[PDB]
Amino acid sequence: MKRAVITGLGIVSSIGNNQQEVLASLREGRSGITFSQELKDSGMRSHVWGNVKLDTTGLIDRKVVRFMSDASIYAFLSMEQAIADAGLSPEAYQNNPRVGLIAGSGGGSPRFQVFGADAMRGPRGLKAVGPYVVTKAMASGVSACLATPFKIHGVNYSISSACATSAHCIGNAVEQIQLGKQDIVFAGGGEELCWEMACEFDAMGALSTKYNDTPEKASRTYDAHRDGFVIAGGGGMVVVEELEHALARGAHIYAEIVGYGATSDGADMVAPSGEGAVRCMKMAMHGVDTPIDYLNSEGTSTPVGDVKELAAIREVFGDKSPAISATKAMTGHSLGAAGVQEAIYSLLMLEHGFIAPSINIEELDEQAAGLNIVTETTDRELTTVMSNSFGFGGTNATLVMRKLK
């Protein structure tokens, strides 16, 4: 069937507002985590986060941004970048039935859902709520707020799957190409950063709380003293395009998506089973006869999660353990946006020939012994890379990207 390639990327993350800033951060192992007075003032135990360092004010037309929440704003800016990077003119992707968009978020906008409820209970009621809360709070906000302004005429919807969200968006975009239904599909996601959402994770003990005095060291995937993930926000978008279509217009191709896995654990609501991830990676590797040169793990920096994933990796590769690094150690967990941002970090490593370090490992977990966990920036000619995304509800997604000749 049809082949799908990535011809453009865009990103707004805690470690950079474009692919160049991100490239630099990755090579330097630079942390994007900072102290958050907002989280502390909210009464949380976790006082750190991967915030987007950028004032989005005035970057989007007023009549457009009025319907958007932060998730949508980050994704929108990422898409603008992706379009430019892919070299697509308005006439090339706009008002085109064969051009679609699949992008989502993990929780829509808790901030605006809370805003509406707070306003409604106030002295003004409906007048305080305003007529723009629905498009900001609905789960499809990220896709609705981008499809409309970018004049998308093809597929238009969001895939939501907790922390695997934007990973499934990319995979579904590949499926549209494979089914011959679309020539181009913009795929990615976004996630806002706020105490309204973060506190829920702290209430279940999922966030790091013992490193508030040293923010850049809180996220420490694979470290014996890890104590939870560091929440983050941001966005990402990639241009998934049919191969022949990309070649015909002389598009720059980062890589082909040669493998996409999507499975379910059918076990625990918030803890990974490991068994599902094994099937997910194996599914993504079906027909891929080239070895995996680098694996961008889920590496949440949680006690149980990091362990279950290393076990799954051992089962899949055994004595064929590939190089591994967890970028979340420096970026934090952007939840719904993690999938696309991590695929982008992987594409950058593949494009520039290097492996980003898995930082903050002062004492390697005993269950990670024997694995090839890269802890220092290492230059290397990569050809095939893998990126895993796992979320609550036992949802698993894996993407395999490979350079073209």
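Quick note: we count residues from 1 along the sequence shown, nothing fancier.
Stretches 349-357 and 57-65 differ in mean CA B factor, with 57-65 having the higher one. Annotation for 91-99 versus 313-321: the higher mean temperature factor (C-alpha) is found in 313-321.
In this entry, the residue among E192, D293, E298, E241 with the greatest C-alpha B factor is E298.
Within the group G130, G236, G266, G228, the record's highest C-alpha temperature factor is found at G130. Annotation for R402: CA B-factor lies in the lowest third of the chain's modelled residues. When the modelled residues of the chain are ordered by C-alpha B-factor, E256 sits in the lowest third. Placement of the Cα temperature factor of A75 within the chain: lowest third of the modelled residues, per the deposited record. For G370, the recorded CA temperature factor ranks within the highest third of the chain's modelled residues. Per the PDB record, residue ranking by Cα B-factor puts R111 in the middle third of the chain.
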